[PDB]
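Since the structure comes first, as structure tokens, the remarks are kept for the end.
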Amino acid sequence: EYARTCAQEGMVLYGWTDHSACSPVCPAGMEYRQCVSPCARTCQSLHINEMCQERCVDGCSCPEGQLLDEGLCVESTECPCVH
Amino acid sequence: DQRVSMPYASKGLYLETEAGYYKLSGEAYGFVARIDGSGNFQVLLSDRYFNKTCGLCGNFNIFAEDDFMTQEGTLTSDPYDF
Amino acid sequence: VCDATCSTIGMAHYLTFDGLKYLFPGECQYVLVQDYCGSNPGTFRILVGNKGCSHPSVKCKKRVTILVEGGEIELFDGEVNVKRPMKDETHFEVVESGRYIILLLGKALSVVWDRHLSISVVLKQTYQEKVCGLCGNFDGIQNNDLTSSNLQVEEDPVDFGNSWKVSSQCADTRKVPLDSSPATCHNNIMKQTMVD
Ligand SMILES: *[C@@H]1O[C@H](CO)[C@@H](O)[C@H](O)[C@H]1NC(C)=O
Ligand SMILES: [Ca+2]
Ligand SMILES: [Ca+2]
């Protein structure tokens with residue numbers, strides 16, 4: 001809690017969970033990042049930008065590649081199609 | 001009572017997931033709620049209700065001592081009966 | 001060839017350039033029309049966003065964000081707002097005349113807004129299949145306006161506009177069962193005649 005409560009005030013902290021030996025729970029493929037953008041570029045997404053000027057929010061998210069596709073992190077190569 | 005799927009956006013309330021964590025946004029009504037995986041309610045609320053609201057999360061004023069004003073309106077020292 | 005015209009007749013209907021009325025109740029933000037389509041520079045990115053507008057009512061106040069010349073001018077709630085002025089101000093123009101907000105942006109682009117819901121963008125002879133979105137491609141061919149963002153024609157428009165939402169994680173709309181009577185006029189044959 002203390003992490004977020006400071007973060008809300010306008011001053012965020014970084015990497016504190018690295019040595020704390022406690023990470024908040026998240027499903028497979030993701031673990032807790034800090035200050036990920038809400039507009040997670042997913043798999044079946046339109047490539048538009050500079051509308052998501054929202055503030056930055058903490059939470060768990062995929063690795064660098066491994067785009068989101070239906071609640072899991074899957075590699076960008078295997079983005080399916082839909083019909 | 002009817003279990004609905006997710007996401008869900010009826011009546012101006014977008015019920016979405018963000019960063020693997022569930023969100024309920026009420027921007028028209030000036031709030032954002034969410035939950036994490038462990039279960040930790042959080043409420044981001046707009047300054048429009050400055051000095052207005054009163055509930056279990058206290059009033060949105062500046063002071064942090066007076067925000068136990070009961071459903072009648074009574075500054076109660078106890079954080080429990082409140 | 002003349003100057004075509006999108007439209008939003010009512011809350012959830014859409015008329016294409018080539019002329020194709022179709023039904024699409026949405027609640028997310030959607031790409032009405034743009035230029036960034038396939039193999040193009042992508043000058044303008046007119047968007048539209050509705051809220052509480054799957055069922056038409058006194059609700060469904062629209063929001064419109066139009067993205068041209070690196071600017072951010074948008075409108076809703078009666079007035080227009082400049083969030084980011086664009087570079088070439090010379091082409092910019094606003095004509096608040098009568099009931100409308102006539103709004104030019106260039107040599108071959110113009111927007112009209114009834115102050116209430118309607119969005120009637122007007123494009124000139126310039127493009128001729130240089131755009132895509134919910135209004136189709138502006139090619140003259142009238143039965144290829146449902147070419148989804150994944151580059152295939154779809155038969156069912158409710159799946160189409162789902163392909164054109166911006167936030168790819170919001171709630172996509174629901175395939176409604178087809179009938180001649182909306183919710184109120186459903187099993188309300190009396191009212192159904194009076195409305196008729
Ligand atoms: C809160 O409202 C009360 C009653 O109107 C007023 O007396 C008081 O000055 C207000 N305080 C703040 C912080 O706005
Ligand atoms: Ca307080
Ligand atoms: Ca066409």
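So you can find residues: chains in the structure tokens are A, B, ... in the order shown, residues in each start at 1, and ligands are numbered from 1 in order.
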Exercise. What residues in chain C have any atom no more than 7 Å from chain B when counting only C-alpha atoms, and can you write them as a ChimeraX atom specification?
Worked result: /C:51-52,170-171
For this session: Using only C-alpha atoms, find which residues of chain C lie within 8 Å of chain A and jot them down as a ChimeraX atom specification.
Result: /C:150,154,164-168
Exercise. Hey, which residues come within 8 Å of ligand 2 if we count only C-alpha atoms and all ligand atoms? Could you give them as a count of residues only?
Worked result: 11
Problem set entry | Filtered DSSP result for segment 8-162 of chain C, state strand (DSSP E or B), as JSON, numbers by chain | {"C": [14, 15, 21, 22, 29, 30, 33, 34, 48, 49, 63, 64, 65, 66, 72, 73, 74, 75, 76, 79, 80, 81, 82, 83, 84, 93, 94, 95, 96, 97, 100, 101, 102, 103, 104, 105, 106, 109, 110, 111, 113, 119, 122, 123, 132, 133, 147, 153]}
Exercise. Which residues sit within 9 Å of ligand 3, counting only C-alpha atoms and all ligand atoms, listed as a ChimeraX atom specification?
Worked result: /C:16-20,129,135-147
Those selected residues, please, written with N, CA, C and O atoms and delivered as a JSON list (two decimals), in the first residue's frame.
[["chain", "number", "residue", "atom", "x", "y", "z"],
["C", 16, "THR", "N", -22.39, 5.41, -45.72],
["C", 16, "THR", "CA", -21.06, 5.45, -46.31],
["C", 16, "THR", "C", -21.00, 6.50, -47.40],
["C", 16, "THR", "O", -22.00, 7.13, -47.77],
["C", 17, "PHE", "N", -19.80, 6.71, -47.93],
["C", 17, "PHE", "CA", -19.62, 7.58, -49.08],
["C", 17, "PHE", "C", -20.38, 7.04, -50.28],
["C", 17, "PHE", "O", -21.27, 7.70, -50.82],
["C", 18, "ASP", "N", -20.04, 5.83, -50.70],
["C", 18, "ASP", "CA", -20.69, 5.19, -51.83],
["C", 18, "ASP", "C", -22.17, 4.94, -51.57],
["C", 18, "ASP", "O", -22.92, 4.69, -52.52],
["C", 19, "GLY", "N", -22.59, 4.99, -50.31],
["C", 19, "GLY", "CA", -23.98, 4.97, -49.94],
["C", 19, "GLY", "C", -24.34, 3.59, -49.46],
["C", 19, "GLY", "O", -24.66, 2.70, -50.26],
["C", 20, "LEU", "N", -24.30, 3.40, -48.15],
["C", 20, "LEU", "CA", -24.63, 2.12, -47.55],
["C", 20, "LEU", "C", -25.06, 2.39, -46.11],
["C", 20, "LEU", "O", -24.21, 2.57, -45.24],
["C", 129, "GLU", "N", -10.57, 6.41, -53.18],
["C", 129, "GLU", "CA", -9.93, 5.25, -52.55],
["C", 129, "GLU", "C", -8.55, 5.61, -52.01],
["C", 129, "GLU", "O", -7.52, 5.15, -52.51],
["C", 135, "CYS", "N", -16.91, 4.54, -42.87],
["C", 135, "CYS", "CA", -17.58, 5.05, -44.05],
["C", 135, "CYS", "C", -17.18, 4.33, -45.33],
["C", 135, "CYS", "O", -17.61, 4.73, -46.41],
["C", 136, "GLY", "N", -16.35, 3.29, -45.23],
["C", 136, "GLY", "CA", -15.88, 2.62, -46.43],
["C", 136, "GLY", "C", -14.67, 3.34, -47.00],
["C", 136, "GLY", "O", -13.97, 4.10, -46.33],
["C", 137, "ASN", "N", -14.45, 3.10, -48.30],
["C", 137, "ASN", "CA", -13.21, 3.48, -48.95],
["C", 137, "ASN", "C", -13.34, 4.65, -49.92],
["C", 137, "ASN", "O", -12.31, 5.22, -50.30],
["C", 138, "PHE", "N", -14.55, 5.03, -50.31],
["C", 138, "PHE", "CA", -14.76, 6.10, -51.29],
["C", 138, "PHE", "C", -14.09, 5.74, -52.61],
["C", 138, "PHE", "O", -13.12, 6.35, -53.06],
["C", 139, "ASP", "N", -14.63, 4.67, -53.21],
["C", 139, "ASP", "CA", -14.17, 4.17, -54.50],
["C", 139, "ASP", "C", -15.24, 4.16, -55.58],
["C", 139, "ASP", "O", -14.90, 3.97, -56.75],
["C", 140, "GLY", "N", -16.51, 4.35, -55.22],
["C", 140, "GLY", "CA", -17.60, 4.23, -56.16],
["C", 140, "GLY", "C", -18.27, 2.88, -56.04],
["C", 140, "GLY", "O", -19.50, 2.78, -56.12],
["C", 141, "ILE", "N", -17.48, 1.83, -55.84],
["C", 141, "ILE", "CA", -18.05, 0.52, -55.60],
["C", 141, "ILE", "C", -18.79, 0.57, -54.28],
["C", 141, "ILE", "O", -18.24, 0.96, -53.24],
["C", 142, "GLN", "N", -20.05, 0.16, -54.31],
["C", 142, "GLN", "CA", -20.95, 0.39, -53.21],
["C", 142, "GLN", "C", -21.07, -0.81, -52.28],
["C", 142, "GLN", "O", -21.51, -0.64, -51.14],
["C", 143, "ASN", "N", -20.65, -1.99, -52.73],
["C", 143, "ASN", "CA", -20.75, -3.22, -51.96],
["C", 143, "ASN", "C", -19.41, -3.70, -51.43],
["C", 143, "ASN", "O", -19.27, -4.88, -51.08],
["C", 144, "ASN", "N", -18.41, -2.82, -51.38],
["C", 144, "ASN", "CA", -17.12, -3.10, -50.75],
["C", 144, "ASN", "C", -16.78, -2.07, -49.69],
["C", 144, "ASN", "O", -15.62, -1.72, -49.50],
["C", 145, "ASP", "N", -17.80, -1.55, -49.01],
["C", 145, "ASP", "CA", -17.61, -0.63, -47.90],
["C", 145, "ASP", "C", -17.45, -1.35, -46.56],
["C", 145, "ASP", "O", -17.22, -0.68, -45.55],
["C", 146, "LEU", "N", -17.54, -2.68, -46.54],
["C", 146, "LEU", "CA", -17.43, -3.46, -45.31],
["C", 146, "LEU", "C", -16.12, -4.24, -45.27],
["C", 146, "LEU", "O", -16.05, -5.36, -44.76],
["C", 147, "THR", "N", -15.05, -3.61, -45.75],
["C", 147, "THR", "CA", -13.72, -4.21, -45.76],
["C", 147, "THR", "C", -13.08, -3.93, -44.41],
["C", 147, "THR", "O", -12.56, -2.84, -44.17]]
For this session: Restrict the distance test to only C-alpha atoms, flag each residue of chain A within 7 Å of chain B, and return the flagged residues as a list in words.
Result: residues 25, 26, 38, 59, 60 and 61 of chain A
Those same residues, written as a PDB file, in the first residue's frame with C-alpha atoms?
ATOM      1  CA  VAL A  25       0.201 -11.919  -7.507  1.00  0.00           C
ATOM      2  CA  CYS A  26      -0.575 -11.972 -11.227  1.00  0.00           C
ATOM      3  CA  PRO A  38      -2.746   1.555 -19.482  1.00  0.00           C
ATOM      4  CA  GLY A  59       0.376  -3.334 -12.512  1.00  0.00           C
ATOM      5  CA  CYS A  60       1.641  -6.506 -14.106  1.00  0.00           C
ATOM      6  CA  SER A  61       2.092  -6.774 -17.844  1.00  0.00           C
TER       7      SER A  61
END
For this session: Would you work out the distance separating atom CA of residue 23 of chain B from atom CA of residue 50 of chain C, expressed in Å to one decimal?
Result: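 Between atom CA of residue 23 of chain B and atom CA of residue 50 of chain C the gap works out to 19.7 Å.
Take the candidates A:8, A:66, A:23, A:37 and check each one against residue 79 of chain A using only C-alpha atoms; the shortest distance goes to A:66.
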For this session: Fewer than 5 positions away in the same chain doesn't count, so skip those; otherwise give me all residues within 6 Å of segment 120-122 of chain C, counting only C-alpha atoms, as JSON, numbers by chain.
Result: {"C": [4, 5, 6, 7, 109, 110, 111, 112]}
Problem set entry | Two-atom distance - atom CA of residue 54 of chain C, atom CA of residue 80 of chain A (Å) | 28.1 Å
